[PDB]
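K.L.:
Mind having a look at this structure? Questions to follow.
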Amino acid sequence: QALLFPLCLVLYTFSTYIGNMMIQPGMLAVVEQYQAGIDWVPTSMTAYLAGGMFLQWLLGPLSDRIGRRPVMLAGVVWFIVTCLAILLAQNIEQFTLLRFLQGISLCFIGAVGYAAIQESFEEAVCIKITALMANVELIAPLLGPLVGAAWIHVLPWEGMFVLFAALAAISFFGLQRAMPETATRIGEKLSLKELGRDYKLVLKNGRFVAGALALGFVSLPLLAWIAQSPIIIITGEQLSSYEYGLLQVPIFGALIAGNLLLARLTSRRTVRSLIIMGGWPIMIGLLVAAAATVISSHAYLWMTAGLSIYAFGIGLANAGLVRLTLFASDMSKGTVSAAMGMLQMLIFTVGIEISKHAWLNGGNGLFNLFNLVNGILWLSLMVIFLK
Ligand SMILES: CCCCCCCCCCCC[N+](C)(C)[O-]
Ligand SMILES: [Pr+3]
């Protein structure tokens with residue numbers, strides 16, 4: 001009867017992903033209008049990322065302290081505001097600011113949004129909702145840059161920010177009068193000292209952190225592409241929206257196929273084996289990705305095909321290694337997730353920034369090398385993590 005409330009959060013989830021996945025393809029348009037250089041294309045994703053790891057930590061225990069409903073709304077409100085208030089910044093210097101504060105609307109999906117389902121809805125109810133909100137995080141980056149390439153053709157870029165403010169409203173007016181709250185730390189002290197100290201406790205876990213990083217480093221070459229896949233292909237390789245959008249699928253369609261097997265071979269195998277099981281393609285992906293752009297700098301096909309091996313592997317391994325890294329520290333679920341979020345993004349954010357220059361002053365070579373760099377990193381944190 002009240003399954004309309006999960007779907008509202010499903011939508012808010014949906015919008016925040018495409019609100020980054022439809023934007024990166026159409027960032028070129030925005031750069032060639034605000035004027036700065038194609039080096040600002042990825043730097044969209046970057047500022048969108050670096051916002052999510054601002055109050056990531058503080059929103060969890062915070063949405064506990066003063067209700068889940070008013071803080072959640074303060075986010076859906078915060079989203080739609082800066083979804084239309086960025087249309088009236090018009091300069092690239094401060095497009096960032098409004099892109100960055102659109103990225104803080106990311107802590108709201110997990111530290112309170114996801115937490116509201118873990119508090120109210122029960123186990124088997126939570127399963128099918130999370131099985132859903134995992135496909136949102138898979139389909140909205142898969143098919144987003146595909147609508148984001150069929151949106152800059154029939155309309156301008158501006159049409160997206162209206163469409164998101166409105167879709168976040170289709171959820172918001174469905175959450176205006178249909179959002180019950182279940183925060184139990186109402187009327188509690190402004191205890192700020194306790195967070196840092198307790199996050200430093202999961203920071204002291206050389207098995208957890210080294211495992212939390214390895215999650216970042218591994219999933220980075222995936223996000224480093226997404227942020228740079230336009231200016232790699234559109235301006236870098238000089239290809240159209242149907243051709244560049246064609247190359248998003250063989251990659252993603254391989255990530256989906258690795259999430260197909262994972263959920264099927266979760267049974268006949270141990271979690272421990274799966275990571276090493278999905279590791280070989282990851283090794284071979286980033287292996288051959290860059291082992292392509294060795295002498296041939298512009299065989300993007302084999303790079304995209306290499307990021308299809310690597311992609312298949314992230315579906316299996318990366319996903320498994322999530323849980324073990326939650327349970328690598330026998331501590332709170334809220335503190336570990338926030339700790340591994342704020343770590344993964346720090347890898348993502350600052351990883352891309354390095355990934356960017358990697359592409360400029362090096363071209364495609366350096367870039368893929370500063371990909372396999374991360375496969376090496378992750379693997380190097382596996383010789384630690386298991387054996
Ligand atoms: C922020 C990028 C999320 C979409 C990419 C899907 C691959 C799984 C990455 C795991 C971390 C994602 N998250 C938001 C649950 O922390
Ligand atoms: Pr505590």
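First residue shown is number 1, and so on along the chain.
Method on record in the header is X-ray crystallography, 3.0 Å.
Placement of Cβ uses the backbone N, Cα and C atoms for every residue, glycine included.
Positions annotated as topological domain 'Cytoplasmic' by Swiss-Prot: 60-69, 118-131, 175-213, 264-274, 323-333. Swiss-Prot lists 91-96, 235-242, 296-301, 355-365 with the feature topological domain 'Periplasmic'. The transmembrane segment annotation in Swiss-Prot covers 41-59, 70-90, 97-117, 154-174, 214-234, 243-263, 275-295, 302-322, 334-354, 366-386.
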K.L.:
How about the transmembrane segment (97-117) and the transmembrane segment (154-174): at least 3 CB pairs under 8 Å, pairs 6 or more apart in sequence, or not?
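P.N.:
When sequence-distant Cβ pairs are counted, the transmembrane segment (154-174) does not touch the transmembrane segment (97-117), since fewer than 3 lie under 8 Å.
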K.L.:
How do the residues of the topological domain 'Cytoplasmic' (60-69) split into helix, strand and coil according to DSSP?
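P.N.:
When I sort the residues of the topological domain 'Cytoplasmic' (60-69) into the three classes, I find 7 helix, 0 strand, 3 coil.
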K.L.:
Between the transmembrane segment (275-295) and the stretches 41-59, 214-234, 366-386, work out which stretch tops the count of Cβ pairs under 8 Å.
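P.N.:
Comparing 41-59, 214-234, 366-386: 366-386 has the most Cβ pairs near the transmembrane segment (275-295).
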K.L.:
Test of understanding: applying the rule of at least three C-beta pairs under 8 Å (pairs 6 or more apart in sequence), is the transmembrane segment (302-322) touching the transmembrane segment (214-234)?
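P.N.:
Answer yes, regions in contact.
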K.L.:
Counting CB pairs under 8 Å, which listed stretch among 41-59, 70-90, 302-322 touches the transmembrane segment (366-386) the most?
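P.N.:
Comparing 41-59, 70-90, 302-322 against the transmembrane segment (366-386), the winner is 302-322.
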K.L.:
Below 8 angstroms Cβ to Cβ, which residues of this chain, lying six or more residues outside the topological domain 'Cytoplasmic' (118-131), approach it?
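P.N.:
For the topological domain 'Cytoplasmic' (118-131), the nonlocal Cβ contacts are 6, 10, 68, 180, 182-183, 333.
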K.L.:
Where, among 41-59, 70-90, 302-322, do we find the most CB pairs under 8 A to the transmembrane segment (334-354)?
P.N.:
41-59
K.L.:
Let me spell it out: take the topological domain 'Cytoplasmic' (323-333), skip the flanking residues so only those 6+ beyond its ends count, and list any with a Cβ under 8 Å from a Cβ in it.
P.N.:
118, 198, 201-202, 205, 207-208, 211-212, 214-215, 271-272, 275, 340
K.L.:
Using a Cβ cut-off of under 8 Å, list the residues of the same chain at least 6 residues beyond the topological domain 'Periplasmic' (91-96) that approach it.
P.N.:
30-31, 34-36, 40, 43, 47
K.L.:
Is the topological domain 'Periplasmic' (355-365) packed against any residues at least 6 beyond its ends, judged by a Cβ distance under 8 Å, and which are they?
P.N.:
39, 42-43, 220, 224, 227-228, 231-232, 236, 290, 293-294, 297-298, 300, 303, 371
